[PDB]
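Next come structure tokens for two forms of one protein chain, structure 1 first, structure 2 second.
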Structure 1
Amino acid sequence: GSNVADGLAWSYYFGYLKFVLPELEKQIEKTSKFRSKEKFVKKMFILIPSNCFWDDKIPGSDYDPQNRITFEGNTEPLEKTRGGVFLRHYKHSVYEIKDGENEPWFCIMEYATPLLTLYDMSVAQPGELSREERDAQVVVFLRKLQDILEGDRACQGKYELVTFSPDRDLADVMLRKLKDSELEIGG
């Protein structure tokens, strides 16, 4: 078959999200700077650009035209060996997002890395995955990932999927989602 998105979503979960998401808040709290910070939403914001592509660096990127996003630092690494085959270390990037004259937000942002495979396939093997087929697979990936994560009680409230077109301002998108997050001051 050609429905690559199903496999991408399941491996994204079992090979990463399943064990990083429940532990994320605790990992963040291991850093005093992060304990001290208010307006720090602890959910992982998983970024899903409709074009399966992004600048390697989020701050100042085409998705950040107003330069309101700044890299703050990384969380303390989680160590895990995968079936005794290879060793992995997992850590996440914290970003500051400006909110005018108010206190800026801190948040966890990450592009959905399985999208790299969709993009690579469309460029290296166009016969297997056309641009239009890639577009559709993004949607399939999103819907399956939603089903998987929503089926895991341990992941509840630990993430937020963010879909957007490449013409959008990520800072604006994120600011709105951060304000709509459950986190209140002192929380």
Structure 2
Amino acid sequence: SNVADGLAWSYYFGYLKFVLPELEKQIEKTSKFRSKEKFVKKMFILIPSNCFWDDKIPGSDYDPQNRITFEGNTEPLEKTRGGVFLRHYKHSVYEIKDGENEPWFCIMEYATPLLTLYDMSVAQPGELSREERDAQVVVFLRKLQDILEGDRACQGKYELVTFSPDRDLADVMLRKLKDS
């Protein structure tokens, strides 16, 4: 009865499989990013425990100190899924202040299928309670990890960032960025 299992597979085959092994090559297409130092070429997938987000990350409730700042989008990646439709995959680059030091540059994204988990818990409580939802998050997380790590082309090109709605996303990002 685990909805998260099918949510992870879709995320991979319907998105990450295309965009993760070409991300680094796509970022370097722009001189500004090619020159930039302190730039991690890995996609940071934000996974809030409450599966919720309602606004842009700069000056967000997750960024009280106003450290995160939108810098711009990457080069669009042309791809067709099923041959039925042609899309342009692009990502957002954010600038994270590191105090007096040169600010960091990274690619952050939310796990869009997590909204489906939240939406369920609010629209159909008889199918998913706040407790089950919290469990499905863990399920989604671990299952996603397995899928990704089972792909050589995607290994080392991503990072799963799990945090609580109280934690400072800026303080969490840096702790990861340096360890990268």
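For clarity, a rigid core is taken as the largest C-alpha set superposing within 1.5 Å between two forms. Residue numbering: structure 1 sequence, from 1.
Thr81 shows a C-alpha shift of 2 Å or greater between the two structures [criterion: core-superposed Cα displacement of 2 Å].
Its Cα shifted by 2.9 Å, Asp55 is compared between the two structures on a rigid core fit.
Fit the two forms on the rigid core and the C-alpha of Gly127 turns out 1.0 Å off between the two structures. Once the two forms are overlaid on the core, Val20 shows a Cα shift of 0.3 Å between the two structures.
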